[PDB]
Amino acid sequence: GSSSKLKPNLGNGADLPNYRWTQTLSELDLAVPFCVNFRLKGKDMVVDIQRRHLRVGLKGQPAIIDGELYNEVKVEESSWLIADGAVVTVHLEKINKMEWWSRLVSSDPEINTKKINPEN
């Protein structure tokens, strides 16, 4: 069933405690900050973008994201990087490019999509 919902951010995505994302009809952009006492390198990260699954986290630690995506993405046109100041960013290209997602992964509360503003 459905559960309690969150108000969408100005980018039509969600602000969660550990990450935030925005979207258009065709893509989604995620930011995942890490607060660590070392320089964040690829070797420290396990990130796996699958057709309908996403995993993001530090090696040896509980993943920050590890869940079923709201809908399918084109892996070949999706990507991630470690941006300055230890912020991991992920870009997802949607397969159905005319659909508002209500959440990144199924374990997150949905945003209230009634409040989406297509113009942004």
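Just count from 1 along the sequence shown to find any residue number.
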item	value
Mean C-alpha temperature factor, higher of 14-22 and 107-115	107-115
Stretch exceeding the other in mean C-alpha B-factor - 31-39, 50-58	31-39
Out of 73, 90, 86, 64, highest CA B-factor residue	86
Third of chain Cα B-factors occupied by residue 69	lowest
